[PDB]
Amino acid sequence: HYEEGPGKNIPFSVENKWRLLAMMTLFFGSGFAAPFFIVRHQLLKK
Amino acid sequence: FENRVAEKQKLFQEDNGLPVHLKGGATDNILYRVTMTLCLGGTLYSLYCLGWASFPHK
Amino acid sequence: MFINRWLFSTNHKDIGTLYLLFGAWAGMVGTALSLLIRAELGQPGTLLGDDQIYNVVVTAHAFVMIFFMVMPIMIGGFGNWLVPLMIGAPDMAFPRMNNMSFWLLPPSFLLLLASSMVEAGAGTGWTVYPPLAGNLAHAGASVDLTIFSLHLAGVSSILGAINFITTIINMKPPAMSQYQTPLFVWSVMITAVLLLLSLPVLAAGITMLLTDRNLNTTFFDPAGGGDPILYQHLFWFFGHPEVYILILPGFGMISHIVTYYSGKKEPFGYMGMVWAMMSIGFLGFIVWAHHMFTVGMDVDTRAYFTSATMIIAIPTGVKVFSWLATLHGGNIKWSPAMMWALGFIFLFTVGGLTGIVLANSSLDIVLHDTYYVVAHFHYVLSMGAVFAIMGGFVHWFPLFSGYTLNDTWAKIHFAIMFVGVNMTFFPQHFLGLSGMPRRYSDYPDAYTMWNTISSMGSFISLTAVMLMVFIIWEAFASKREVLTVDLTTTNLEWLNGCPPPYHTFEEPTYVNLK
Amino acid sequence: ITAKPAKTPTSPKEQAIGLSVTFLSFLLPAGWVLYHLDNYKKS
Amino acid sequence: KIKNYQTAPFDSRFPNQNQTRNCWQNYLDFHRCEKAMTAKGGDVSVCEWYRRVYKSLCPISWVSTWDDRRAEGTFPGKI
Amino acid sequence: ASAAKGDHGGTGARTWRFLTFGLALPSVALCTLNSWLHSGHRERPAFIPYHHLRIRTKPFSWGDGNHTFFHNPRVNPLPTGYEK
Amino acid sequence: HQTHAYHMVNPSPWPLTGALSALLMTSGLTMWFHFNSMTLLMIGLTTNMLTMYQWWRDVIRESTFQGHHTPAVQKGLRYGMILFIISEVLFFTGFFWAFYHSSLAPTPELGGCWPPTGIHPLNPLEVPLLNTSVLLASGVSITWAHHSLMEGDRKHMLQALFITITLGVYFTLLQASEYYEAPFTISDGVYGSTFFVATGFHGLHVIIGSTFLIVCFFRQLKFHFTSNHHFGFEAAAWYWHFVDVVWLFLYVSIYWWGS
Amino acid sequence: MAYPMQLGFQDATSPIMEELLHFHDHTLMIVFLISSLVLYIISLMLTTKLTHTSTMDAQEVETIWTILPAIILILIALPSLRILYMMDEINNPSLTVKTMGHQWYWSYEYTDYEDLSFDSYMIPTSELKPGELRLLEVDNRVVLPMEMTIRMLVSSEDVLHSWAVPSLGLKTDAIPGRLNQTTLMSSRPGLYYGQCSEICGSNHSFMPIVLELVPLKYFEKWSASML
Amino acid sequence: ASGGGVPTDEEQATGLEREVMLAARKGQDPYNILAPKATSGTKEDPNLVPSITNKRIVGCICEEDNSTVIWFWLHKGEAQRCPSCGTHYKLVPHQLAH
Ligand SMILES: CCCCCCCCCCCCCCCCCC(=O)OCC(COC(=O)CCCCCCCCCCCCCCCCC)OC(=O)CCCCCCCCCCCCCCCCC
Ligand code: HEA
Ligand code: HEA
Ligand SMILES: CCCCC/C=C\C/C=C\C/C=C\C/C=C\CCCC(=O)O[C@H](COC(=O)CCCCCCCCCCCCCCCCC)COP(=O)(O)OCCN
Ligand SMILES: CCCCC/C=C\C/C=C\C/C=C\C/C=C\CCCC(=O)O[C@H](COC(=O)CCCCCCCCCCCCCCCCC)COP(=O)(O)OCCN
Ligand SMILES: CCCCC/C=C\C/C=C\C/C=C\C/C=C\CCCC(=O)O[C@H](COC(=O)CCCCCCCCCCCCCCCCC)COP(=O)(O)OCCN
Ligand SMILES: CCCCCC/C=C\CCCCCCCCCC(=O)O[C@H](COC(=O)CCCCCCCCCCCCCCC)COP(=O)(O)OC[C@@H](O)CO
Ligand SMILES: CCCCCC/C=C\CCCCCCCCCC(=O)O[C@H](COC(=O)CCCCCCCCCCCCCCC)COP(=O)(O)OC[C@@H](O)CO
Ligand SMILES: CCCCCC/C=C\CCCCCCCCCC(=O)O[C@H](COC(=O)CCCCCCCCCCCCCCC)COP(=O)(O)OC[C@@H](O)CO
Ligand SMILES: CCCCCCCCCCO[C@@H]1OC(CO)[C@@H](O[C@H]2OC(CO)[C@@H](O)[C@H](O)[C@@H]2O)[C@@H](O)[C@H]1O
Ligand SMILES: C[C@H](CCC(=O)O)[C@H]1CC[C@@H]2[C@H]3[C@H](O)C[C@@H]4C[C@@H](O)CC[C@]4(C)[C@@H]3C[C@@H](O)[C@@]21C
Ligand SMILES: C[C@H](CCC(=O)O)[C@H]1CC[C@H]2[C@@H]3[C@H](O)C[C@@H]4C[C@H](O)CC[C@]4(C)[C@H]3C[C@H](O)[C@]12C
Ligand SMILES: C[C@H](CCC(=O)O)[C@H]1CC[C@H]2[C@@H]3[C@H](O)C[C@@H]4C[C@H](O)CC[C@]4(C)[C@H]3C[C@H](O)[C@]12C
Ligand code: CUA
Ligand SMILES: [Cu+2]
Ligand SMILES: [Mg+2]
Ligand code: NA
Ligand SMILES: [Zn+2]
Ligand SMILES: [Zn+2]
Ligand SMILES: [Zn+2]
């Protein structure tokens, strides 16, 4: 089927902890920053 | 009409390792690509529309 | 192959994984929203200067936390990953439809983020009451986008409910009766029956709002003979079951966390835990009007609802004590998951009791629509669901990934979060008694002290979430693979290794009928 | 639960870095937006 | 006469928090009575009760609105 | 109730066809007969601009935005009265 | 090799297209209602039709052709359908709630009466009664269809299934006519609001049920059904009865008592 | 009105609000007990090396923890219901005053005899006179006669709003197309505050209610002068 | 009034449905549809646990009506006992598909 076992049953790579960090930082970082920008968006329309 | 299931059973159980949605033939492949294209394209379209409506046109 | 697995899945574990990912992401959004809410109330005066924006934020925060974080994580994540394993089932009954239930959420979420992007957003409150929600007070796409997001999230859950009920009723070992299934499974099945029954009414409700706004219907428009109150009846007839739907799965995880870390092989009074959940589910359908005490209802009606609403505490009590009874005489393992489960038991009780205060129409007249209500549900729901979710998560993380967390960091995460949420929500009890209303971007000067504190507490919690992220990175970064797990004789889901193979139970379990 | 030692041990220095970065990924963006709030309100 | 009214008394037909029908009922009653009097050659002062009551209960805008509609021939109620 | 008929010794295909042709269809015959009898266009009532009818809070997404989806000029007046 | 009777379905793209098709349809309604453009709505309705077709095609492939429908898999599908139908009933209940709420306490704006001042209801003894005898008759002929299928009679199963479909259509046409001839509209207050939206969704259901019945017609023509295994037909007949019942409720509630 | 660092309810102005104060004390005691008992019991189960992990029987202790809570529930229900039916008691008022919710202000209508009515707006923070309460003051107060049984009728002319006065234990939703009744009765003269209790849009937080309770005599002169 | 033309399962059932249908005719249960009746579970008369590998998960319901089920891997080899009631189970490997 597909790869099995630790670090293989996930849609992202954990082969590099640093790349992993960057991916996670973007993933969570993006979701957290969204409200802040939607607001800034709503303030800049009027 | 006559019963032609057996033929369809033989065709669909034919060991080619193809997922059921493509197991019928080349037609399946076309239909699929049509459907997926419309969906992906249409979705790309909605993003655009959302971007447009996001701003005031005074 | 990547796309085949992650976009075309039919695997219950993989799907539950996407749900866990989606929910974690949603959680970050919901949190940013909350931190915004408290930033505005952080000091007297306005911060945003735009109160329509504040209203949009408060509305989004709720929708996100409820529909995109809690339900996805609980029924979607833990629900999919665990239920099949716990009954020795090969996968869910309709493993394909199950993938759509998942994929309907990002579109549903997109629709929500759109409603806030276009026009002035929907600053109507997660209850979206007409006429404020109507085409005149809230003209434009915003409310319509919001109504749609709910339709999507709704079909996703209604389908997901059909799946779990079918799976649980039909896919257990031939010898296993319903009363031989774990509690988490019971919790999920019940939650699902609630979803099956309640969402369609909400659906009917918001459809009527949609037509009032776009097809000139007058369901909630007096000018046509309509009635805004009708909407509230329909919305709440769903809204109450929904609050129970948000905690039931957490009840299931708590029973399991407590039995496990108590070093016990079974929960105290199983049949009593089952009866509890069933009852709660049933009663949760006949108490909705307690959200409408101030709309001016007949005194008799208000008496009935006050009474019905209180009875719920009986079965709920039985669960509380059974958890304490499960702790009774156990070999206590002070694990991070146990800590979350303990925090949950205390906090949930607190919130539940204030809920009993509010069940009284009389006192509610003064408490309704004040921060007392906001403190009640942030204790039961926010602290309750989140705490259970955090417990279930650290408990089963190794099972899902095959790696272990650094127990010390996790205990620190629990500590910071505990301080953070109470310092954030306890003072709100005061604000509510003294009369500070909900949904206010600013408050009369007397309420300054408590609003300042609560907002400071909100930050501590932030520090806890940021830390939680980092902790997950550390599990995956260090890579400590699991070897041995205790009590597997009574925790079937741990039996196929960590993480278990893609297809499990290819060969069913053997269970004698005797 | 028992497990084998970290296949890729994350040293303390490596955790300060991982932590620091996690924090900044949450704090900087929101921080930027929030800092420029007055500039948004009236513009 | 038989008056000396302070405010509308409790009406056992409308004992709940919803007084909408109460106002409306007296508004109809007044105008039904008013039409009966003016028609058969009589005095509108008899209709004084209902007038006092509905005036006390009904919000200005509703009455204002219902009046405009009786004028317009679009009054939904039967008078 | 028990209806007024009988069978029940064994409810099978021959019986349900017996009911489809001996009862259900003849009923659709009579009701069709009755309807296409009491039909005929009834004299449309005088228009009256009642404020609780012909609602318009937002124009329809079709046509000129003022005619209902299945608008019948003969019997459906607009907010300002019937049509030409 | 697996030693249980359950079905592991192959990775399928349908859930994703069905999801996106939903996004296109909702987003499309928004484009229509507010920015006057049916583009998205068009695309979405299409990809939705495509998804439904291909998805249920594969299910027929998995069942009649590949034999994956063991008595256990079929049992589960029975549950799923009953559960589905149940959620549909709760949907309709919200509308019956709305009707009753409004019709029992007519506000001043309607003249505080029901039907509202200025609404002239359809005579229930006319087309609405015909419509009723039509759905009721279709209920009998589909039972005759089921019993024919079970008794192995191909000719009569098709004949009865045909009659059933014809009645379904007849009803839909009558209803279409009723919709046009109706002196009231959806904009005619709460009476119109509840009449058209309730009979409206019911009507859509009749069309869906008809479609479902037609599919069974063709699958039967192609011999997919065995006298003992015909779930697609079973479900369609349950769904047909659901629909027939929703009508009895509408008839009594809105058309009769509501006049 | 509330004061800095307030923990409980605003001092009862009418007799009903007094009634609720007591009822809340009675109830809150119970809440404290149970929440502390549970907190305690938890600490009890976790403070001993002694163990007993075998199967424990439940059909006995469940009777205790089902009968006890049910009783405690009835002990809250009684006084709660007595107070509820008490509020509903027929009272025959001396005055009827109507209020209308508007985005974003309240209008009041005293129309028993004269056709008096006015709008009530929040005094802007910039237009506050020294000593006045930010977000709370309104230009035109609701002058009413202390020690009298008054009837308030609430409604709205747009969205939803809710008419509330904590001190008197009042809160009635302002629904368009509907007339909600609620009775008021102040045991003392003075100023009594409140805020809109239903999200009604952007300025839901800035449309207060201020009641001015004075002796009947001054109310009548106020009424005439206000025509 | 009557006639034929409708395929029977016997004539048309295929794949796993057919397999299950035929095995059921021979009184067998290769796809675990039925719940196995227990033996005396003694050391002499253990519970025979079919399997197509060298281990299968066993769930023991020690006593009728128990709500807790004991789960463990039954390996090929010497019979093992339920960690709870000690009743015996022995793995009897392979075959099914000839
Ligand atoms: C954070 C701000 C704190 C400000 C404190 C007060 C300052 C007083 C000055 C000066 C004090 C004297 C002068 C003023 C007297 C006013 C009396 C009044 O009008 O009376 C009514 C008032 C005031 O009530 C009081 O009389 C204050 C009660 C405070 C209880 C606090 C428990 C706190 C635990 C840990 C700290 C808080 C965070 C964690 C809370 C965790 C959940 C409880 O309003 C309430 O009803 C507020 C509470 C609402 C209900 C919560 C129910 C369950 C709560 C705790 C169960 C803990 C059990 C185990 C025992 C506790 C175990 C942890
Ligand atoms: C996790 C979600 C959750 C849960 C489970 C609950 C549980 C309860 N809720 Fe709450 N509630 C909310 C979420 C939840 N609620 C939300 C979201 C709102 C606000 C929505 C909005 O308007 O935005 C709300 C609002 C709300 C209101 C209306 C407030 C208002 O607007 O005026 C009411 C009214 O009665 C209420 C009551 C209750 C009660 C009595 C319970 C009970 O079932 C709790 C019972 C539990 C206990 C009692 C504690 C443990 C028991 C014991 C230790 C036994 C001994 C006890 C006794 C003898 C009393 N809730
Ligand atoms: C489950 C629901 C939920 C959750 C978790 C929260 C969490 C929080 N909410 Fe609230 N909130 C609501 C539901 C919720 N809320 C609802 C329904 C309303 C009513 C809206 C209305 O009025 O219409 C509301 C309203 C509301 C108000 C009142 C608004 C007003 O009246 O003006 C405030 C203000 O302080 C607030 C604050 C917060 C804060 C600070 C948090 C959080 O910061 C508390 C701490 C919680 C976290 C930090 C969560 C972390 C979760 C994750 C990170 C998931 C991780 C996932 C994995 C690990 C798999 N919320
Ligand atoms: C022939 C009988 C069968 C009925 C359906 C057939 C054709 C209509 C097209 C789609 C209908 C599907 C569902 C019903 C939705 C709204 C009610 C429509 C019922 C109907 O068709 O009513 C018509 C109004 O049409 C209108 O506005 C209709 C405007 C069409 C736009 C549809 C609006 C789409 C809104 C759909 C909401 C979707 C949410 C559903 C969610 C499901 C659960 C998540 C009645 O006509 P009228 O001129 O006012 O009066 C007749 C006077 N001579
Ligand atoms: C004014 C309001 C207006 C709106 C009104 C609108 C419409 C009216 C309503 C309904 C009419 C519509 C359609 C009726 C026609 C057919 C429906 C199908 C039923 C059928 O024919 O069912 C069969 C048998 O009964 C079975 O299922 C029995 C097994 C059922 C299983 C599914 C149920 C599980 C869900 C949760 C369980 C509930 C628990 C009960 C205890 C709770 C106590 C509080 C099929 O078999 P199966 O699944 O293999 O089960 C094996 C058991 N023999
Ligand atoms: C504009 C309106 C639109 C109209 C409505 C829309 C749709 C309806 C659709 C289709 C149905 C119509 C006819 C079906 C056609 C052919 C069936 C062919 C088989 C056949 O001829 O069947 C026969 C009976 O059918 C037969 O009389 C056919 C039966 C016809 C029955 C109805 C006629 C009514 C006659 C008057 C009697 C009324 C008196 C009432 C009595 C009280 C009731 C209890 C029996 O024969 P056999 O020898 O045992 O069978 C050998 C295998 N076939
Ligand atoms: C504003 C507009 C909002 C619009 C939202 C639209 C949302 C989605 C639109 C696209 C969805 C259509 C795609 C077809 C889906 C068919 C699913 C189906 O038929 O799923 C079946 C399961 O449910 C069963 O039986 C019985 C259950 C039947 C489910 C039919 C799906 C209908 C989806 C709509 C649900 C609405 C909810 C109704 C109440 C309001 C089969 O399960 P699978 O896992 O596939 O396979 C199992 C294999 O063993 C088969 O051999
Ligand atoms: C069902 C079995 C359990 C039995 C327990 C009883 C519970 C519900 C059934 C009773 C419904 C009829 C009662 C009507 C009698 C009162 C008439 C009336 O007038 O009630 C009206 C509303 O009733 C309405 O729509 C009522 C609308 C229905 C609301 C009930 C919600 C339950 C529905 C979901 C259940 C799913 C079932 C699946 C179906 C097979 C309006 O409200 P009033 O407050 O009067 O306003 C008038 C004011 O001007 C004066 O104060
Ligand atoms: C203009 C028209 C367009 C309108 C939009 C909707 C259009 C059509 C919907 C009609 C539904 C068609 C569904 C066809 C399903 C065919 C697949 C089928 O029938 O699959 C069967 C299984 O049932 C199954 O999954 C049963 C699957 C359940 C499907 C029923 C779901 C209804 C969908 C409703 C969606 C909208 C909801 C309402 C909106 C508010 C296969 O098993 P059997 O038949 O026993 O065969 C095996 C034998 O051959 C062995 O011998
Ligand atoms: C609710 C969650 C949020 C919690 C609070 C965030 C915690 C603080 C994070 C730091 O954030 C920032 O710090 C700044 C100041 O220290 C800004 O720089 C700015 O300020 C400057 C120095 O005053 C300049 O040099 C640059 O131009 C600049 O824009 C800034 O953009 C932002 O990234
Ligand atoms: C051709 C087929 C006989 C069996 C076979 O396919 O070999 C016959 C027998 C009965 C069916 C018919 C039934 O008698 C009912 C219908 C009657 C007709 O008026 C039109 C076609 C009609 C819809 C059917 C078409 C026809 O092609 C069928 C399908
Ligand atoms: C709130 C709901 C009506 C909602 C609506 O207006 O549409 C109504 C319908 C029927 C009412 C119920 C029934 O009339 C019977 C009961 C009678 C009592 O006087 C109060 C509780 C009682 C159990 C009711 C509660 C509430 O008033 C109900 C449930
Ligand atoms: C009879 C049933 C199941 C027993 C079993 O088969 O194991 C048990 C499970 C839970 C029990 C209930 C719960 O313990 C809660 C209640 C406790 C009281 O002591 C009696 C009634 C009470 C409401 C119980 C009645 C009955 O004995 C229940 C309902
Ligand atoms: Cu008016 Cu809030
Ligand atoms: Cu509730
Ligand atoms: Mg409110
Ligand atoms: Na502020
Ligand atoms: Zn596979
Ligand atoms: Zn059948
Ligand atoms: Zn055993």
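The figures that follow rest on heavy atoms only: side chains count, while hydrogens, waters and symmetry mates do not. Each chain gets a letter, A, B and so on, in the order the sequences are listed, and its residues count up from 1. Every number for a ligand or one of its atoms is a count from 1 in the order of the listing.
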Could you check atom 16 (C) of ligand 13 against the protein and tell me its nearest heavy-atom contact, residue, atom and distance included?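 Of the protein heavy atoms, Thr66(H) OG1, 4.1 Å lies nearest.
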If you have a sec, work out which protein heavy atom is nearest atom 14 (O) of ligand 13 and how many Å separate them, to one decimal?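 Result: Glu62(H) OE1, 2.7 Å.
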Ion pair check, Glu10(I) and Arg18(I), cut-off under 4.0 Å: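 Yes, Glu10(I) and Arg18(I) are salt-bridged.
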Would you say the ring centroid of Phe231(G) lies under 6.0 angstrom from that of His69(G)?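 No, ring centres 6.0 Å or more apart.
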Is it the case that the ring center of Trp323(C) lies less than 6.0 angstrom away from the ring center of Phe251(C)?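 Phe251(C) vs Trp323(C): aromatic centres under 6.0 Å.
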Residue pair [X] / [Y], side-chain donor-acceptor N/O under 3.5 Å:
{"X": "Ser205(H)", "Y": "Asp442(C)", "result": "no"}
{"X": "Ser138(G)", "Y": "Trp240(G)", "result": "yes"}
{"X": "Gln180(C)", "Y": "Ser177(C)", "result": "yes"}
{"X": "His156(G)", "Y": "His147(G)", "result": "no"}
{"X": "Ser455(C)", "Y": "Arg38(C)", "result": "yes"}

In degrees, rounded to 10 degrees, what angle do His230(G) atom NE2 and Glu234(G) atom OE1 make at the Zn ion (ligand 19)?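 Nearest ten degrees: 90°.
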Would you call the rings of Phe217(G) and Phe162(G) parallel, tilted or perpendicular, taking 30° and 60° as the class edges?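 The arrangement is tilted - the two ring planes meet at 30° to 60°.
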From the candidates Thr63(H), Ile67(H), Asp65(I), the one that places a heavy atom nearest atom 19 (O) of ligand 13: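 Answer by nearest heavy atom: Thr63(H).
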From the options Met273(C), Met271(C), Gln59(H), select the one whose nearest heavy atom is closest to atom 3 (C) of ligand 13.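 Going through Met273(C), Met271(C), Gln59(H) one by one, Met271(C) has the nearest heavy atom to atom 3 (C) of ligand 13.
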Tell me how many protein N, O or S atoms are within a distance shorter than 3.0 Å of the Na ion (ligand 17).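 Excluding waters, the total comes to 4.
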Does the protein come close to [atom] - that is, does one of its heavy atoms sit below 4.0 Å from that atom?
{"atom": "atom 10 (C) of ligand 13", "value": "yes"}
{"atom": "atom 5 (C) of ligand 13", "value": "yes"}
{"atom": "atom 28 (C) of ligand 13", "value": "no"}

Do the side chain of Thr15(F) and the main chain of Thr11(F) share a donor and acceptor less than 3.5 angstrom apart?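 Not confirmed, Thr15(F) side chain does not pair with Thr11(F) backbone.
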